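Single-structure report; data block below.
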Amino acid sequence: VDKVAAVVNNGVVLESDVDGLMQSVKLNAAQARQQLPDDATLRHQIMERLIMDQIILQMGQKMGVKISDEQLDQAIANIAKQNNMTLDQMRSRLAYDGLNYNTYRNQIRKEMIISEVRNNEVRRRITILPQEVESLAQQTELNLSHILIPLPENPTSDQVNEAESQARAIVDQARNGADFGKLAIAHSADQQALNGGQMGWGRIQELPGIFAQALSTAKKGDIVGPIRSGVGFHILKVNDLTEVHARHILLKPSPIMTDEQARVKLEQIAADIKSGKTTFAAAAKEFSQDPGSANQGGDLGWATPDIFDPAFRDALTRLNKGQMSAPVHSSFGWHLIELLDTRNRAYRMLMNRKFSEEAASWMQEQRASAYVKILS
Amino acid sequence: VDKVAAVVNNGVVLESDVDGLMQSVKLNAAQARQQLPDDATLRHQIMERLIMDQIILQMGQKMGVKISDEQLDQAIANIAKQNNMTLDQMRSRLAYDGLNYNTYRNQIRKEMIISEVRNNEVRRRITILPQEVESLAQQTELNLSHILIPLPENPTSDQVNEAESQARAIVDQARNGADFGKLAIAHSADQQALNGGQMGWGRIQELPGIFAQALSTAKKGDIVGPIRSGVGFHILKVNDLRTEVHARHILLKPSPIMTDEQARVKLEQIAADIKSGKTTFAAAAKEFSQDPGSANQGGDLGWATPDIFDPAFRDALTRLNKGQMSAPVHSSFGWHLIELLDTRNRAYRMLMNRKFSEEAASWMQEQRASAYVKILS
Amino acid sequence: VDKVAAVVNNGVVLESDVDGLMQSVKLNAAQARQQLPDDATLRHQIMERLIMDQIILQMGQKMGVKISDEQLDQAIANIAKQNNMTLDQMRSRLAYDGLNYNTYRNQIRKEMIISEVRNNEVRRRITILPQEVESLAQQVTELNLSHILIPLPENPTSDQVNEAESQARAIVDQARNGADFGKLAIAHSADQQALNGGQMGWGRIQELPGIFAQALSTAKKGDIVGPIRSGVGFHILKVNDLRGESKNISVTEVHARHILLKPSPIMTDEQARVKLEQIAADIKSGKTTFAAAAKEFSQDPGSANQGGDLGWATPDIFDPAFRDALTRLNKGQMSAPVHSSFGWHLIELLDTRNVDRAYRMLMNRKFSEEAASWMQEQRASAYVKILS
Amino acid sequence: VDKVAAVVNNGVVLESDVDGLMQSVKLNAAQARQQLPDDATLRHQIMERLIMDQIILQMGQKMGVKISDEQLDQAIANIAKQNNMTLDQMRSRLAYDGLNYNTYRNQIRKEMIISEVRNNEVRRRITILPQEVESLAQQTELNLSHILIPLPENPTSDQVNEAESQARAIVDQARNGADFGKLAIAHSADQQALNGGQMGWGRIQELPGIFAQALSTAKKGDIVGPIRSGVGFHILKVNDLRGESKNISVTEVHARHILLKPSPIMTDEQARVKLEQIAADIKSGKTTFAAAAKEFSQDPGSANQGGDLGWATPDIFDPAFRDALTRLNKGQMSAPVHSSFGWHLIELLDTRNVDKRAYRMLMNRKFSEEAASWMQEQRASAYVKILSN
């Protein structure tokens, strides 16, 4: 006898489903020392989340979205890795905790089709204005929580004021010390609402410009006034605030040349170079072994010390720019080392900013233009 | 340290500029589920576009082309409208996206002067044959992508064959199911190349005749063989293939003396005398109707659309037979007799645009050739 | 459902045809950055043009004028050449633009019978007044200009002449207050060039009627030449551009003589040379004259019988060696033996010098006036009905 | 640098002037579809023409011949009328063609003194043989071109043979289809030579008698054999041949009338009835009409002539009168007829038709021969020198 909490188009939101999410938030809230608003408000947000997951889920069904066990495993695997364990290592923990593995996979699957559908649809909707990318192209990390008071695409004065009033009021209590994460859980409409509205740390530059402005002067602990956007009013709380170029001429010992046979050549090669008799690049193209530098006058392009054998790296260490080393023995053999020199995003940036916005906007529409009933 | 990708006459093509276009195509490609050729091919195409944008842009400089802020704003405005927003509504989105408004306008400016110079020059070049217009004058929507294999005005057999060969090969892969939009990005030389070579929907009649022939039998999904034109070889892919009334009324408007009944009773008589032949409708109208602008015109209301008429009136016409007179009708304007009389239900620009595209190709074809360009490595 | 715009004698002027001409002017206008008067005034001009083309065309019918496909091709071919293309190369451009080749040929045809009829009729009516030609034969800076004609009948009335004179004056006024002359031309000119800005192009001041030549001598660039009165009405010219008169042709000729001594199996080069040196010193030392030694040793008939006279010629016609010595000589001076491709000779440079239209200009002027009144008359007497 | 083509007495013939004439014939020739002989033969004729015009022109100088601007204008005006234009209308055509008006007038002037001198001199030399005119008094239009192979007044057998030979040759080519006009321009010596030798339409009667003979049997297209005159040998081609426009059939009537114009004394009813009686008396022998005429006719010039109005064309009469006149049989009498002059009785006596030079023709023929030998002599006795280039 699993009651229905709400009907959502071609389906329902089960009383059980509501409980699970409720408990998830409850525990996670506790295991983090976070105040939760009264179970009344809480249920509401949970519902809103469930109803939405339902809508975008059915959507996935219609447009035939399937997730192969092969991909599923990879996902679970990632959750395992994201949590310091191997698939078995996590599968057991789950077993130990009492969970039926398939039941779990099935949950991760639902999460995956929703993630997919949301991404795919927002894609088929994001809009790129003429010359926008080329325009952006041509032209102190922060940690903050976020609260969104939703507003339709083309709202009414009435709607805008309700929203603004609501937002202002929240900004008030925010400043009078009220628990911001509590408020987020109670009024934020963004994805992160249930999670205290935490965005985490990020570059002030990866944030929409509509915020970049106010967060430049932003001091730790500050509440950034209700910023208006296409999705509604935003409220943020400022929670917290050598390579080397070298070239070497190499000699590798084998059958004919012994370690001394070779070292003696390198002594001569070194002697003729310094005397001007021949040049280093010439000598290298004439003697060096390592193809991939040998005919390149011995050049080894730029690189990092580490990729070099321990004997070699240590050689560079005692060399002066332009200086030539004495012969050096390494795992590869004997070689003359000459030290030359020693030197010590934005588009994805845009894409992600455009995506969050659009995704909000989308769900905004979906939730509105959807058949949903809430039973008692 | 912004390297130079190429030198173009009195100027250069910056490495940055190349990245911007690269990223533009990349995003737009993704946001549209469109395969892109390897970054090598892609850079080439982007280069060709940039080098050209450069040439025709310096050109604009010399012949002193300026775009007043007033026009600019109108342009941006149109882009906003073309995208469902108000100037502010777009200005903010840009802000939100992180763009410096001026840097943006300046981009829109460069696009504008280029658009202008190209148009103007092509104008100063298009050629109208004697009696062509008068000749054309006397004599199934379709969606298709386009790929152009360029060829000089007076090319050599060697050139023509290289071109034909290349075109043939593409048409092959096209029919073996290869992604046409991908090929367009990789080898098309038309303006639309970078955009999959999409032309969109259009009348088969608004296309050059050199194609009208093959696109008549064209079934959806077809690749139309390498058509030869003065600009080179063309390849098209058929992507997809898909009342008023005349009436007259004699009107009476109630006020002080004539009440709604005072009025309706008159119209009963006016109607009764018309049908009995005692007076004619047009006469009755000139003798009683109110609405000047039909009253002295024997009540004629000229031709019009039902909608411009009050709800009561329009509904009246609805139940009236042609030639039939209505009974008195009350409307927002008053009381009136309604008689329903009757009920009725490009090519030169066509030519101009066909001649323009061709000419614009030929133009740039020449400019790119007779221009000093260096491609740094 | 192609309505009739106007009735013309035994034919009509279709609305379709009026659109065609309207569009041709429209495009061409744009393709040239040319202001056009309002479609009302334009339609009028287009009509007049079509009405006339109609008249003169039925005329071709009656007097049976036919254009063979052979000559038509030649004409189309000329348009092609005039436009930098081959018959095929244009035939294709046409195909690309969407036109039916036959439909096009037919248009070129109509254009051709009209041109023929007009020329034939005009020439026929050209008259030569008594003593006119002799009287001319007695008598003693390229320019580009647009033209506007305000029409007037052969024998007009004071009223007509005044309306014309008044309308013309008003145009010269606006012309000088900077109005677009080409716009005015398309709006009022009655000449053939009207619909084309009234452009005549570049031309010698001489190739123009004398009633113009007068004012066009003081004419500064940009000027508007007052309404000149002719038998055809009032004329107005705008001095578009004004350039220099292309230099003539300075072909320089030389008068020379020579005594030719081509060597042979008998006389060697040293023999054919030394012989000269002597045959020369005798000329200088009065022992004998050059022309004497010419008709005496010169091995060039056509020359030797003329005393060695080569007549007047352009130096390039001679052998290079000959031409050369010829360059390093003073008038009357003699050269040493000069070896060329025909033998050896002594060259004396004697001297140096540098080196219908009036009647064609007259007849052209005549054809000009005639053509104008002819149409003036044809149009005037024709049965024309413009449908409102 | 206008060379002299030929010297003529006290003057010359400039190369320019030769070009002018060459060009005039050239244009006119084209504007008429007329073959011209080679420029060589043509130059000759042009020369001969210029030389003659020169001679007769200096002659005009000596005997002081001047043409007033007044008469010149009249002439030019006539060229304008002859050409469907007004003086102004032509003066402009000239301006448009590029000519200097004065230079033009001067050409017309030179043409006029030549015309005068020639006429004056010729008339002076016309002679009338004893009994010639009396002897004359006792005794189908045609269009033809003419060619004259000249001969002196008293030529020699040699001259006459050369002439006869040359003429015969031309009549031959003429008949073998050769262009007659071409021949004319190439050999004719008459004034019309340079103009294809065209004389135009004319009565066979207005021509010299030595032609009238052969031109009576002449069929269109014919070449009339070389006729010998005192001026040389003539040859005519019968260009076209049309009908002779009918004469003029005017009709006259002979009538009598007795005039009774009413007045303050006699009213119309009185002036009418009076007649009715004065008429019945004529019919009933009581009296004769001519009697009642010289008796009551109020029209002297008629009443004294018995009422005879003599022969007159009907239209000369009052309409009423002319009308009764129409409804009358010969010898018949009318009832009283009221007109604008009064009342009268009209008797139509008779009707007849009447239709509508000889010496003018004679004198013209004369002027014709004289003008020919006159030039023949002038040229012959003149100081002429034709230069090569």
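Please note that chains go A, B, ... in the order of the structure tokens, that every chain numbers its residues from 1, and that ligands are numbered from 1 in the order shown.
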Extract, using only C-alpha atoms, all DNA, RNA and protein residues at most 7 Å from segment 95-111 of chain B, discarding same-chain residues fewer than 5 positions from it, and format them as a list in words.
->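 Listed by chain and then number, they are residues 131, 135, 136, 139, 208, 209, 210, 350, 353 and 354 of chain A; 67 and 72 of chain B.
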Give me the residues within 8 Å of segment 304-312 of chain A as a PyMOL selection string, counting only C-alpha atoms and dropping any in the same chain fewer than 6 places off.
-> chain A and resi 242-244+328-331+337
Dump as a list in words the residues of chain C that approach chain B to within 7 Å, counting only C-alpha atoms.
->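 Written out as asked, the residues are residues 16, 17, 20, 21, 23, 24, 31, 95, 96, 97, 98, 99, 103, 104 and 107 of chain C.
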Give me a file of those residues, with N, CA and C atoms, as an mmCIF file, in the first residue's frame.
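Output file part_24.cif is given in full below:
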data_model
loop_
_atom_site.group_PDB
_atom_site.id
_atom_site.type_symbol
_atom_site.label_atom_id
_atom_site.label_comp_id
_atom_site.auth_asym_id
_atom_site.auth_seq_id
_atom_site.Cartn_x
_atom_site.Cartn_y
_atom_site.Cartn_z
ATOM 1 N N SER C 16 2.883 43.053 -69.318
ATOM 2 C CA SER C 16 4.052 42.231 -69.063
ATOM 3 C C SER C 16 5.272 42.960 -69.569
ATOM 4 N N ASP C 17 5.221 43.347 -70.840
ATOM 5 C CA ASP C 17 6.312 44.054 -71.498
ATOM 6 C C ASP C 17 6.694 45.354 -70.795
ATOM 7 N N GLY C 20 8.820 44.271 -67.853
ATOM 8 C CA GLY C 20 10.138 43.871 -68.305
ATOM 9 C C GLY C 20 11.048 45.072 -68.453
ATOM 10 N N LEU C 21 10.559 46.106 -69.127
ATOM 11 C CA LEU C 21 11.373 47.288 -69.325
ATOM 12 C C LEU C 21 11.572 48.017 -68.004
ATOM 13 N N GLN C 23 11.728 46.703 -65.046
ATOM 14 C CA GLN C 23 12.762 45.973 -64.338
ATOM 15 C C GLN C 23 14.169 46.128 -64.913
ATOM 16 N N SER C 24 14.278 46.190 -66.232
ATOM 17 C CA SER C 24 15.568 46.363 -66.851
ATOM 18 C C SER C 24 16.136 47.705 -66.395
ATOM 19 N N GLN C 31 22.674 48.785 -60.439
ATOM 20 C CA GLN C 31 23.987 48.329 -60.876
ATOM 21 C C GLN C 31 24.863 49.511 -61.316
ATOM 22 N N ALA C 95 21.918 30.304 -69.748
ATOM 23 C CA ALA C 95 21.343 29.075 -69.189
ATOM 24 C C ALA C 95 21.371 29.128 -67.656
ATOM 25 N N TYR C 96 22.503 29.545 -67.104
ATOM 26 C CA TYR C 96 22.643 29.644 -65.660
ATOM 27 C C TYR C 96 21.667 30.659 -65.077
ATOM 28 N N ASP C 97 21.498 31.791 -65.748
ATOM 29 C CA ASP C 97 20.579 32.820 -65.265
ATOM 30 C C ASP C 97 19.100 32.408 -65.374
ATOM 31 N N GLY C 98 18.842 31.265 -66.014
ATOM 32 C CA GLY C 98 17.483 30.762 -66.154
ATOM 33 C C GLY C 98 16.689 31.109 -67.412
ATOM 34 N N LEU C 99 17.311 31.738 -68.407
ATOM 35 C CA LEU C 99 16.586 32.121 -69.617
ATOM 36 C C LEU C 99 16.522 31.071 -70.697
ATOM 37 N N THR C 103 13.733 32.293 -76.514
ATOM 38 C CA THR C 103 13.077 33.494 -76.024
ATOM 39 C C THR C 103 14.025 34.676 -76.150
ATOM 40 N N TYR C 104 15.290 34.440 -75.816
ATOM 41 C CA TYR C 104 16.305 35.474 -75.881
ATOM 42 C C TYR C 104 16.570 35.875 -77.326
ATOM 43 N N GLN C 107 14.102 38.097 -78.711
ATOM 44 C CA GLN C 107 14.207 39.456 -78.225
ATOM 45 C C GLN C 107 15.254 40.183 -79.053
#
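The smallest atom-to-atom distance between chain D and any of C:158, C:86, C:106, C:135, using only C-alpha atoms, is found for C:135.
Note that the spacing between atom CA of residue 43 of chain B and atom CA of residue 226 of chain B amounts to 25.7 Å.
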Find the nearest atom pair between each residue of chain A and chain B for residues within 12 Å, count only C-alpha atoms, give distances in Å to one decimal, sort rows by chain and ascending number, and present the table as CSV.
residue,atom,partner,partner_atom,distance
A:119,CA,B:31,CA,10.8
A:120,CA,B:31,CA,9.4
A:121,CA,B:31,CA,10.4
A:122,CA,B:31,CA,9.4
A:123,CA,B:31,CA,5.8
A:124,CA,B:31,CA,6.8
A:125,CA,B:31,CA,8.5
A:126,CA,B:31,CA,7.4
A:127,CA,B:83,CA,8.4
A:128,CA,B:28,CA,7.6
A:129,CA,B:79,CA,7.6
A:130,CA,B:79,CA,7.3
A:131,CA,B:107,CA,6.6
A:132,CA,B:104,CA,7.1
A:133,CA,B:24,CA,5.6
A:134,CA,B:20,CA,4.6
A:135,CA,B:104,CA,5.2
A:136,CA,B:99,CA,5.4
A:137,CA,B:20,CA,5.4
A:138,CA,B:16,CA,7.0
A:139,CA,B:103,CA,6.7
A:153,CA,B:85,CA,10.8
A:154,CA,B:85,CA,10.5
A:204,CA,B:98,CA,11.0
A:205,CA,B:98,CA,8.2
A:206,CA,B:98,CA,8.8
A:207,CA,B:98,CA,8.2
A:208,CA,B:96,CA,4.7
A:209,CA,B:96,CA,4.3
A:210,CA,B:96,CA,4.8
A:211,CA,B:96,CA,7.8
A:212,CA,B:98,CA,8.3
A:213,CA,B:95,CA,10.0
A:227,CA,B:96,CA,11.1
A:228,CA,B:92,CA,10.1
A:229,CA,B:96,CA,8.3
A:230,CA,B:93,CA,8.4
A:231,CA,B:93,CA,11.5
A:345,CA,B:23,CA,10.9
A:346,CA,B:98,CA,10.0
A:347,CA,B:23,CA,7.1
A:348,CA,B:27,CA,9.1
A:349,CA,B:97,CA,9.1
A:350,CA,B:97,CA,6.1
A:351,CA,B:27,CA,8.2
A:352,CA,B:97,CA,9.7
A:353,CA,B:97,CA,6.7
A:354,CA,B:97,CA,6.9
A:355,CA,B:97,CA,10.6
A:356,CA,B:97,CA,11.5
A:357,CA,B:96,CA,9.7
A:358,CA,B:93,CA,11.4
Selection: 9 Å around residue 349 of chain C, only C-alpha atoms, excl. self and same-chain fewer than 3 positions, as a PyMOL selection string = chain C and resi 254-258+326-327+329-335+352
Using only N, CA, C and O atoms, please write the residues we just selected to a file, as a PDB file, in the first residue's frame.
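Just written: again_0.pdb:
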ATOM      1  N   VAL C 254      62.185  58.323 -94.264  1.00  0.00           N
ATOM      2  CA  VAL C 254      63.479  58.834 -94.722  1.00  0.00           C
ATOM      3  C   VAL C 254      63.636  58.679 -96.223  1.00  0.00           C
ATOM      4  O   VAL C 254      63.174  57.693 -96.793  1.00  0.00           O
ATOM      5  N   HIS C 255      64.285  59.658 -96.852  1.00  0.00           N
ATOM      6  CA  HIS C 255      64.533  59.627 -98.289  1.00  0.00           C
ATOM      7  C   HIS C 255      66.012  59.262 -98.495  1.00  0.00           C
ATOM      8  O   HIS C 255      66.915  60.049 -98.161  1.00  0.00           O
ATOM      9  N   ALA C 256      66.271  58.072 -99.033  1.00  0.00           N
ATOM     10  CA  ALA C 256      67.658  57.684 -99.224  1.00  0.00           C
ATOM     11  C   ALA C 256      67.981  57.113-100.590  1.00  0.00           C
ATOM     12  O   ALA C 256      67.090  56.772-101.372  1.00  0.00           O
ATOM     13  N   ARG C 257      69.279  57.030-100.860  1.00  0.00           N
ATOM     14  CA  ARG C 257      69.802  56.496-102.110  1.00  0.00           C
ATOM     15  C   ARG C 257      70.895  55.520-101.741  1.00  0.00           C
ATOM     16  O   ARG C 257      71.499  55.628-100.670  1.00  0.00           O
ATOM     17  N   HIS C 258      71.161  54.576-102.631  1.00  0.00           N
ATOM     18  CA  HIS C 258      72.209  53.599-102.378  1.00  0.00           C
ATOM     19  C   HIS C 258      72.662  52.986-103.684  1.00  0.00           C
ATOM     20  O   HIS C 258      71.934  52.988-104.679  1.00  0.00           O
ATOM     21  N   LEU C 326      71.974  54.318 -91.459  1.00  0.00           N
ATOM     22  CA  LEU C 326      71.003  55.349 -91.753  1.00  0.00           C
ATOM     23  C   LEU C 326      70.826  56.226 -90.517  1.00  0.00           C
ATOM     24  O   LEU C 326      70.690  57.432 -90.627  1.00  0.00           O
ATOM     25  N   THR C 327      70.856  55.624 -89.334  1.00  0.00           N
ATOM     26  CA  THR C 327      70.725  56.384 -88.090  1.00  0.00           C
ATOM     27  C   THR C 327      71.930  57.269 -87.775  1.00  0.00           C
ATOM     28  O   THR C 327      71.777  58.380 -87.287  1.00  0.00           O
ATOM     29  N   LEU C 329      73.802  59.007 -89.654  1.00  0.00           N
ATOM     30  CA  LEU C 329      74.115  59.897 -90.770  1.00  0.00           C
ATOM     31  C   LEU C 329      73.437  61.256 -90.699  1.00  0.00           C
ATOM     32  O   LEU C 329      72.338  61.393 -90.169  1.00  0.00           O
ATOM     33  N   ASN C 330      74.105  62.258 -91.263  1.00  0.00           N
ATOM     34  CA  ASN C 330      73.586  63.618 -91.317  1.00  0.00           C
ATOM     35  C   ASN C 330      72.948  63.800 -92.694  1.00  0.00           C
ATOM     36  O   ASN C 330      73.379  63.182 -93.666  1.00  0.00           O
ATOM     37  N   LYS C 331      71.922  64.638 -92.789  1.00  0.00           N
ATOM     38  CA  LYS C 331      71.283  64.852 -94.080  1.00  0.00           C
ATOM     39  C   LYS C 331      72.321  65.132 -95.165  1.00  0.00           C
ATOM     40  O   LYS C 331      73.253  65.915 -94.965  1.00  0.00           O
ATOM     41  N   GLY C 332      72.142  64.480 -96.313  1.00  0.00           N
ATOM     42  CA  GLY C 332      73.038  64.661 -97.434  1.00  0.00           C
ATOM     43  C   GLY C 332      74.372  63.951 -97.313  1.00  0.00           C
ATOM     44  O   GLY C 332      75.110  63.848 -98.298  1.00  0.00           O
ATOM     45  N   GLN C 333      74.690  63.466 -96.115  1.00  0.00           N
ATOM     46  CA  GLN C 333      75.956  62.768 -95.864  1.00  0.00           C
ATOM     47  C   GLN C 333      75.957  61.367 -96.488  1.00  0.00           C
ATOM     48  O   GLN C 333      74.900  60.786 -96.765  1.00  0.00           O
ATOM     49  N   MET C 334      77.149  60.831 -96.722  1.00  0.00           N
ATOM     50  CA  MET C 334      77.263  59.505 -97.312  1.00  0.00           C
ATOM     51  C   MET C 334      77.904  58.558 -96.312  1.00  0.00           C
ATOM     52  O   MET C 334      78.684  58.970 -95.446  1.00  0.00           O
ATOM     53  N   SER C 335      77.566  57.284 -96.440  1.00  0.00           N
ATOM     54  CA  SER C 335      78.076  56.259 -95.547  1.00  0.00           C
ATOM     55  C   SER C 335      79.233  55.512 -96.182  1.00  0.00           C
ATOM     56  O   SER C 335      79.467  55.609 -97.388  1.00  0.00           O
ATOM     57  N   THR C 352      64.571  63.721 -94.293  1.00  0.00           N
ATOM     58  CA  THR C 352      63.741  63.126 -93.257  1.00  0.00           C
ATOM     59  C   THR C 352      62.455  63.920 -93.138  1.00  0.00           C
ATOM     60  O   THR C 352      62.434  65.123 -93.390  1.00  0.00           O
TER      61      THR C 352
END
Nearest to chain D, restricted to only C-alpha atoms and choosing among C:128, C:294, C:14, C:40, comes out as C:128
What is the atom CA of residue 249 of chain C-atom CA of residue 98 of chain D distance in Å, reported with one decimal?
-> 27.1 Å
Residues within 12 Å of residue 32 of chain A, only C-alpha atoms, excluding chain neighbours under 6 positions, as a PyMOL selection string = chain A and resi 25-26+181+195-196
